[PDB]
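Right, one structure below, let's go through it.
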Amino acid sequence: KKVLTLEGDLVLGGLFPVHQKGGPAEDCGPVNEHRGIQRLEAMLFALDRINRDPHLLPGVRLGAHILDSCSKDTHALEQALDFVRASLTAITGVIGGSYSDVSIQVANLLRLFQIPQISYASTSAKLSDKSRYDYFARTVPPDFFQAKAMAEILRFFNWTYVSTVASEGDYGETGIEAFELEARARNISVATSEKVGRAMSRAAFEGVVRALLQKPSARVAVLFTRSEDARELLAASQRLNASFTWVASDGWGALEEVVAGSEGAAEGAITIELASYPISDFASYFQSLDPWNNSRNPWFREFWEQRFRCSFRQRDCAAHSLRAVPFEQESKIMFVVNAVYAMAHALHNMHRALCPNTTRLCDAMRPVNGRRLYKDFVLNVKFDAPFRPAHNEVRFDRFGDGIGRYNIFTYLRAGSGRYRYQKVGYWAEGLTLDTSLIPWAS
Amino acid sequence: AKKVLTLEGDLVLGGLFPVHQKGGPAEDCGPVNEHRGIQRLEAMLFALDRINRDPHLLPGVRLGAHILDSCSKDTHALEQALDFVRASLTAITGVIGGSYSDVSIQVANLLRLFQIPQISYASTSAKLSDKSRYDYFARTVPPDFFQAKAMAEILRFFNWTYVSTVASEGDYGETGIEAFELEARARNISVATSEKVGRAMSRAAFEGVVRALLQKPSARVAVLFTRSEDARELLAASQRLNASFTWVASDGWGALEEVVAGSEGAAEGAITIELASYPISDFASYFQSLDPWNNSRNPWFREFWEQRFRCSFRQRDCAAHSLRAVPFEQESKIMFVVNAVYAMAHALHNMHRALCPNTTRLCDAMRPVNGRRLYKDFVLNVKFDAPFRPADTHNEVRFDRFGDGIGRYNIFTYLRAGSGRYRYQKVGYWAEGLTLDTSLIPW
Ligand SMILES: N[C@@]1(C(=O)O)CC[C@H]2[C@H](C(=O)O)[C@H]21
Ligand SMILES: N[C@@]1(C(=O)O)CC[C@H]2[C@H](C(=O)O)[C@H]21
Ligand SMILES: [Cl-]
Ligand SMILES: [Cl-]
Ligand SMILES: [Cl-]
């Protein structure tokens, strides 16, 4: 498989779902544009800015070794061998992965070589356990909080009889387990609990929907699903003409790919995303990307062909521009940039203590000690989030986690007939909803 | 800790045993583990000696060992298991173990990256049957769907319809109880409460579990899918709180003495399960003849001796003891250990017969052994009479399509015998249907 490599004095590993999961034979399927390509390019954008920052590692260039997880933990683990083979390349730290199952599988390999790891999207509560994930940190909070936010949405609307659907794996199952605990504490009962396996068919999704219809009093379906599972569930529901009030986690969030083609089935859905903002300079950087000037990204030409349904062989790709089309910044881009900066700040603070007389890598950091870097620097960073709007701070808590803050969205059909996500609320140690923005709310 | 049991050979087999219990929050390794630790490790060494003398099983190919200690911890086991792959980055042809499902899964994730076949003698988690994830794993034991079905059938037989469940956190406990619950539901069995035992539970936290179970006085039956230490500590807490429960426990508790020792009263009337087996021949004699001077090959034996006879070698006079003098109860899964080692030798033998026909020695075609072909073409197709089987038995060793063993279990009850001593009695079995006889059950 191909790899993205950038030269530096210290090299940061990267892990992203550049491609979707493949079919029954192949590990890798189509290019994953939003949570794959954009997130990868956000890490490249962050590295470029750090490398030109006079106040952050002025004498230490940050390189990269970025791998594709193909949205599959076993494939991510096979790729993750490149990070450790230079110990039986030299990787100082790893940024990634996205999926909780990928981050857990990778963390269990990285800790064996004391490589620090910072995830920008893995929300599984299991990852908060430092006796098991002692080299793991994340810029995102655990789903202990997300599950409360979802139980409280149901409690506010008095939805006391609901069904649940969880993605098989750490994320979905432990997320739904936390949701169900939090719902029972607020006297919300569960009609049925469905599961979506890691290799389900389109007909098997229709089975899930039929199973949810077997309890007609439960109109509210609570999802702790991966985007693809939310997408297929919704497509199955459109096909069987089933109507549900969806309440879904960040896996769905405010992704257009989830609802595209099943807008009618999704209408009225309440979704959650981790509280974030779009990073302004990232948008001009991404929209400038060009298949002729972006050779450092080995998956960019395959992304271009898919996005613009063109062929470089057929010479019909140049007519397209990311400048000439609309740009929707993926919700967790801020978390990617914060993870790269958190690692850069940690190495900078380590450099200040270990190399006081030079801006260059002194012998004390040849090589970088993984234990010290994680325990005494990564966990202790505290800085103002870069490219933030006119206020956020990057830091890790005692479990190496981010802050439990969430945005609440609703999926609606506007007066024009066009569909959109609309921010209707917020959760941060308590629920705040603006019912005037929810079309079906009284 | 960092001791490794090494034995030279033409082909080296990796080994993995919980030679020590898990330590406290500051140490990876705790006290030496006699029954599921020392005895199983010794059973592998016993099998290797007997294979290495056998003229019909690899006559010109000596099998070596690289045996590691998991310390009953999946993170520790995996740090140790790097030894198995550091060459492929001495060469390891296949691996025997581990015991705990979480250990076996963690190691299988690593070994498959290097196409290293693995055979467990005790990990029963259904997750391990998934060949999209554990394509180099096989086992001499069945997956826990069968154990969980057997448990739901035991309840249904006695009309125990409102019950409680206790699971050790992880892929053995949680998935075992989850399977049990689906089988119990279909048999009109309800669940009062479901408790989880965390990996770092305190004496107070176990008492909290007992009180959580007491909050439902209608449910006197508690179904356990727990690791032996969790069951030991839950019984200890029940004894402390004068709590009375009808225990229905998986192989984790099984027929272990250590689980019941000191909590006999809280344990009395327990229905426990173990995988169907027999004590093997020659091993009882092999184990009892072990001394701190002849057994230098096992670096953990002196520490086992010190624990067993409650003495110290530094202070001396530990020597004036013998395993022959003390009684010997062969650990229930010793047969699975020997079967796993023999399964690998037979797969290696059959591969040798096909790829090296012109010599009894290791030819080029097996220099190195191709792990993918070893697993797919030979390990999955082994079929042989179980070594050291008892008189007038037709036990065979084989694997199904997915590398799993056959769902056959023995059912036990924990009772006070006529001599006043507390003990486990065989009162039934499950092999595609429940057979138990009420007569041997005192209640
Ligand atoms: N929070 C998730 C997880 O697996 O931990 C759910 C699905 C996938 C989300 C994302 O990449 O934005 C990440
Ligand atoms: N069957 C178990 C498992 O973890 O899969 C339960 C606890 C431990 C048992 C044993 O070593 O005898 C093994
Ligand atoms: Cl990923
Ligand atoms: Cl083990
Ligand atoms: Cl245990």
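Numbering of ligands and ligand atoms starts at 1, following listing order. Atoms considered below: every heavy atom in the structure, side chains included; atoms not considered: hydrogens, waters and symmetry mates. Residue numbers start from 1 in every chain, and the chains themselves are labelled A, B, ... in the order their sequence lines are given, proteins ahead of strands.
Close N/O approach between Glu331(B) and ligand 2 is not found [any backbone or side-chain N/O within under 3.5 Å]. Ligand 2 has a nitrogen or oxygen under 3.5 angstrom from a nitrogen or oxygen of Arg36(B). Between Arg227(B) and ligand 2, a contact under 3.5 Å exists for no N or O pair. Residue-to-ligand polar distances place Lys333(B) within reach of ligand 2: an N/O pair is separated by less than 3.5 Å. Remark: ligand 2 and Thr124(B) share an N or O pair separated by less than 3.5 Å (distance only, no angle test).
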Practice item. Show the numbers, then the answer: is there a salt bridge (charged side-chain N to carboxylate O under 4.0 Å, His left out) between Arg156(B) and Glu153(B)? Key: CA-CA 5 Å; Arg156(B) 178 71 281 171; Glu153(B) 282 193 354; over 6 Å; no
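One option in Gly37(B), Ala231(B), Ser101(B), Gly170(B) has a heavy atom closer to atom 3 (C) of ligand 2 than any other, and that option is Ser101(B).
Relative to the six-membered ring of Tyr172(B), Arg227(B) misses at least one condition, a distance below 6.0 Å or an angle of at most 45° to the axis.
Checked against the 6.0 Å centroid criterion, the rings of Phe399(B) and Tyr375(B) do not qualify as a close aromatic pair. Aromatic rings of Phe388(B) and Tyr286(B) (six-membered ring for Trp) have centroids beyond the 6.0 Å cut-off, not under it.
Of the protein's non-hydrogen atoms, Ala122(B) O, 3.5 Å is the one closest to atom 2 (C) of ligand 2. Regarding atom 12 (O) of ligand 2, its nearest protein heavy-atom neighbour is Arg40(B) NH2, 2.6 Å.
Between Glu331(B) and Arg40(B), at least one side-chain N (NZ, or NE/NH1/NH2) sits under 4.0 Å from a carboxylate O, which counts as a salt bridge. Here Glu177(A) pairs with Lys196(B) in a salt bridge; the nearest charged N to carboxylate O distance falls below 4.0 Å.
Applying the 4.0 Å criterion to heavy atoms of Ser123(B) picks out, from ligand 2, the atoms 5 (O).
Under 3.5 Å, the side chains of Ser124(A) and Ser100(A) contain no donor-acceptor pair of N or O atoms.
Using a 4.0 Å cut-off between heavy atoms, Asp251(B) contacts ligand 2 through its side chain alone, with no backbone atom that close.
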